[PDB]
RNA sequence: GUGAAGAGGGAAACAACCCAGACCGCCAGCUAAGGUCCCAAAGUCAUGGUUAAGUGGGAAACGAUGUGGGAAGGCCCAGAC
RNA sequence: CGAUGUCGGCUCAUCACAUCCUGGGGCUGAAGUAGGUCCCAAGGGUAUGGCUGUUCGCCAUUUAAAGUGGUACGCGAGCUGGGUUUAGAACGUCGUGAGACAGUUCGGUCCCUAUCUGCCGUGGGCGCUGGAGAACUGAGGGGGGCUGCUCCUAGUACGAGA
RNA sequence: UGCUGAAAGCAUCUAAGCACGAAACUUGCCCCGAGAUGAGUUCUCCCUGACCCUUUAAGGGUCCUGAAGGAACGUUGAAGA
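Rendered as structure tokens:
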């Protein structure tokens, strides 16, 4: 159910959900879980600043 | 694929407009002959022309050898004209032509009439010849193919509408 | 003639071409040899 | 884990128009359906349909001409001895150019009471008439 | 070219020298008032409303009386509408009459058949009666077997049973104009037409060059 | 070996076939078979291989210069088909 | 097997196409008219009289045909009930015999208070939004669809001709 | 059945691009038909009143007396159970 606002926001920043979430897994030790991805509901820039970070961290 | 890799030469005294929309040509035997653009693009930066895929269209490279044929015929249709092939054969059957509207008498109560397309001229210079004039080799082929819609000549007498190019002959008292 | 799915070889005088997906065969000199599908 | 709620009395739809020129069937169907259900801007989703209106004013100009225009059957059952009515894509687009895309967009949508409320907002136009003089839809890329 | 309305006076045989005896139907044509013409924004086409009597001036309502005021309110016996295309000149200023048929020879009449709503399988659906003797149990008036067993699971659409008969529009096309009188407003046509004696007939000209 | 006495994930829907044998929970993680354009959660992923068609998406013997690859032979760039 | 009415007779459907007829025309030991054979096609069509339980069969006359198949080789909460398949009778046969019978006929029932899905006419709401009235659009559905006889072109095409 | 033509420098009803054809198929014909909730469209007719409460662009109540039109009622029908 939460995926509906997550994948639709990665797909608007030039990255797939499966690469976005694994970029946050390549970041090492830092917290990222699917229930904690709701920051976009209050402010969409808070998620944009995390997707641009995941893109940099993925490689 | 073979023929799109090779060039064609522009004949002397032929005039082209060939760098944008609508290709226009004139020469000894035809004036203001034009065609609209399609998936193939021609290079005019030398006195020899070459074909390739036009940008903004699909699959034009598989069409480039076909575009060459239609272009060569579009030069022939303004420099010398095309080969006459249509005939009507056997006694009691003959064509009628106004210039302008053409009719065949071939043993039917159908009209067997053609009003002609624009820019097409029709002639019937003998009891058995028919001729079609223009600058599109396909229109003078297809107007002949509407004239070849009835009375197909048989291998017992050979009487009806025919081309000067055949896969059948008459055979008398044949085997058996 | 018959409707056929075999073309093979039958007469050396036949002239063969593939037309509108099917093989067409016509024979000038030897009798009755013809095919319209193959 | 609740974070939001829908409000069907708030006004948000603003209309956008797409040009069918150069568009293929499966592209125009999937690119419109995702924007009509909403999966690109403001997602809530799956709950309600979050699109802002997205329409076509000239349905015929789709680029289906080199392959599979001589295809399809568009079978319909009337319940009489005449059987199921067949139409090829080249027949279907020629009588009602909106239907080949309205069937395809519906083929790209979910089913039941909410999936029907998406299709009620599809609002594809016919007749080549200017009727958007105040609707003023801005032209959108796909 | 539009249409006209009149009453079916009756039918009488006119006789001919070589046969046959030929029924001729007589139509008493009314001053078809031309109460309305449709024009501005009316779906890109034009159409006229005829009116076939004066009814009673005491019985009128304001939504009818204003809608007809452009020609005066009369609205009697039936209004009826006909499409105005290729008519050349405008119909308003004179009431239409059998002058519509002064050159025409063929017509089509929408007869409106007399009602027979009670119907039945023998009266409507042309079926027999079954076995008055030799033996038969409650199957004497039936359209046979209404559907085959088991596999269909349901009843078919378009079966020869039930419904109503008469009161159809029922056109007739194999007619001929025998006499016209523009002074009497009278029309005579060859053959029989649907609808009872004393009923109202709709007619339009039939032309082919 | 399983259904008999076996629940769960997969095979449209399916007992017995495929993944695995369930003490009971976790607004927790990680995989299997299977799957990621849409209906319906997830790559229209990276890179390589093959066909040219609605093949893929029912199907035989049989038949065709449909054709990529492999090893030789012949004609072959003072000149092939 | 706590119980799917069977054969034939009447009355009446729906889908296929492996086409009898109807439209199309190909190949041919097809000049022409035909015959023989081939496949695009199921939209329309596809009798009547006598004998029998009757299909199966036979016979006489009609026909653009006198097509084949699926649907429990379609229509018993359908009509009929002669056969098969009830109690009783009556003949032929086998057996010691009750019985039995690749032996056979006479008389022999056919039920139904229609709920639900369906079908066929017909009222009454809710709706397009301030209320009423008169009339008409066409997205879409249905109906319709074959054929006998004769005459002109013409004794034309093909062919001495027939 | 074909024109024009490339894959197959020939050839080829096809690939690009053009043209014809059956009792079929779709209209036209004839009748229905906006519940076509995707709830079409024109014309005509009519109505120009105030007050209170919570307090409010929401909701409820009170008085005044009402257009256009329908309904009621016959006499009965060529309209019906």
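Protein chains in written order, with our numbering: chain A, 9 to 67; chain B, 210 to 385; chain C, 1220 to 1257; chain D, 1304 to 1445; chain E, 572 to 780.
Using N, Cα and C, we set each Cβ at its ideal position, and we do this for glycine too.
Buried or exposed by the 16-neighbour rule on C-beta atoms within 10 Å, applied to residue i
i                     : result
residue 619 (chain E) : buried
residue 62 (chain A)  : buried
residue 228 (chain B) : exposed
residue 234 (chain B) : buried
residue 368 (chain B) : buried
residue 668 (chain E) : buried
residue 682 (chain E) : buried
residue 366 (chain B) : exposed
residue 712 (chain E) : exposed
residue 709 (chain E) : exposed
residue 689 (chain E) : exposed
residue 382 (chain B) : exposed
Candidates the options: closest to residue i by CA position
i                      : options                        : result
residue 349 (chain B)  : B:290, B:317, B:369, B:277     : B:290
residue 244 (chain B)  : B:259, B:225, B:308, B:331     : B:225
residue 1256 (chain C) : C:1244, C:1249, C:1250         : C:1244
residue 656 (chain E)  : E:610, E:730, E:587            : E:610
residue 1345 (chain D) : A:9, A:38, A:16                : A:16
residue 1437 (chain D) : D:1319, D:1305, D:1307         : D:1319
residue 64 (chain A)   : A:11, A:32, A:51, A:13         : A:32
residue 41 (chain A)   : A:28, A:23, A:56, A:24         : A:28
residue 607 (chain E)  : E:600, E:635, E:584, E:723     : E:635
residue 305 (chain B)  : B:383, B:323, B:292            : B:323
residue 624 (chain E)  : E:630, E:648, E:707, E:613     : E:648
residue 320 (chain B)  : B:310, B:280, B:326            : B:310
residue 774 (chain E)  : E:672, E:587, E:638            : E:672
residue 630 (chain E)  : E:676, E:617, E:588, E:645     : E:645
residue 1249 (chain C) : C:1242, C:1232, C:1224, C:1241 : C:1232
residue 1314 (chain D) : D:1349, D:1411, D:1356         : D:1356
Proximal chain D residues relative to residue i, where beta-carbon distance stays under 8 Å
i                    : result
residue 13 (chain A) : 1346, 1347, 1348
residue 43 (chain A) : 1304
residue 49 (chain A) : 1306, 1307
Neighbouring residues, chain E, relative to residue i (Cβ below 7 Å)
i                      : result
residue 1382 (chain D) : 728
Local conformation of residue i per DSSP, three classes
i                      : result
residue 314 (chain B)  : strand
residue 61 (chain A)   : helix
residue 1393 (chain D) : helix
residue 1380 (chain D) : strand
residue 752 (chain E)  : strand
residue 638 (chain E)  : helix
residue 1322 (chain D) : coil
residue 657 (chain E)  : coil
residue 1235 (chain C) : strand
residue 1418 (chain D) : helix
residue 598 (chain E)  : strand
Proximal residues of chain C, C-beta to C-beta of residue i below 9 Å
i                     : result
residue 376 (chain B) : 1234, 1245, 1247
Chain-ordered neighbours of residue i on chain A, where CB pairs are closer than 8 Å
i                      : result
residue 1375 (chain D) : The premise fails here: residue 1375 (chain D) is roughly 30 Å from chain A at the closest Cβ pair, so nothing lies under 8 Å.
Interface partners of residue i on chain C, CB under 7 Å
i                     : result
residue 384 (chain B) : 1250
Proximal residues of chain A, C-beta to C-beta of residue i below 9 Å
i                      : result
residue 1342 (chain D) : 12, 15, 16, 19
Residue i: contacting residues in chain D (beta-carbon distance under 7 Å)
i                    : result
residue 46 (chain A) : 1306
Discussion item. Count Cβ pairs between the stretch 754–774 of chain E and the stretch 577–589 of chain E that sit closer than 8 Å; are there 3 or more?
Written reply: The way I'd put it, the stretch 754–774 of chain E does touch the stretch 577–589 of chain E; three or more beta-carbon pairs between them come closer than 8 Å.
Discussion item. Whether or not the stretch 353–360 of chain B and the stretch 302–317 of chain B are in contact is what I'm after, with contact meaning three or more pairs of Cβ atoms, one per stretch, closer than 8 Å; do they touch?
Written reply: Here the stretch 302–317 of chain B makes contact with the stretch 353–360 of chain B; the two share three or more CB pairs at distances below 8 Å.
Practice prompt. May I ask you to verify whether the stretch 296–310 of chain B touches the stretch 336–348 of chain B, counting CB pairs closer than 8 Å and requiring at least 3?
Written response: Touching, yes.
Worksheet item: Is the stretch 236–253 of chain B in contact with the stretch 279–287 of chain B, if contact means three or more CB pairs nearer than 8 Å?
Response: Contact check between the stretch 236–253 of chain B and the stretch 279–287 of chain B: three or more CB pairs, one atom from each, fall below 8 Å, which counts as touching.
Discussion item. With a threshold of 8 Å, are at least 3 pairs of Cβ atoms found where one atom belongs to the stretch 1356–1372 of chain D and the other to the stretch 1407–1427 of chain D?
Written reply: Contact holds: three or more Cβ-Cβ distances are below 8 Å.
Worksheet item: For the 8 Å Cβ check, are there 3 or more pairs between the stretch 1394–1405 of chain D and the stretch 1235–1242 of chain C?
Response: These segments do not touch.
Discussion item. Is it the case that the stretch 245–265 of chain B contacts the stretch 45–64 of chain A, given that we only count it when at least three CB pairs across the two stretches are under 8 Å?
Written reply: With the rule of 3 Cβ pairs closer than 8 Å, the stretch 45–64 of chain A does not count as touching the stretch 245–265 of chain B.
Item to complete: Tell me, please, whether the stretch 1362–1382 of chain D touches the stretch 1322–1336 of chain D by the rule of three or more beta-carbon pairs shorter than 8 Å.
Response: Taking 8 Å as the limit for Cβ pairs, the verdict is that the stretch 1322–1336 of chain D does touch the stretch 1362–1382 of chain D.
Practice prompt. Could you say if the stretch 275–285 of chain B and the stretch 211–218 of chain B meet the contact criterion of at least three C-beta pairs nearer than 8 Å?
Written response: The count of Cβ pairs closer than 8 Å, one atom from the stretch 275–285 of chain B and one from the stretch 211–218 of chain B, reaches three, so the stretches are in contact.
Discussion item. Taking 8 Å as the cut-off, does the stretch 678–697 of chain E touch the stretch 725–740 of chain E (at least 3 CB pairs, one atom from each stretch)?
Written reply: Touching, per the Cβ criterion.
Discussion item. For the stretch 687–695 of chain E against the stretch 752–763 of chain E, do three or more pairs of beta-carbon atoms, one drawn from each stretch, fall closer than 8 Å, so that the two count as touching?
Written reply: Not touching, per the Cβ criterion.
Fill in: Touch test, the stretch 1378–1395 of chain D against the stretch 724–733 of chain E, Cβ-Cβ under 8 Å, three pairs minimum
Flag = yes, the stretch 1378–1395 of chain D and the stretch 724–733 of chain E touch.
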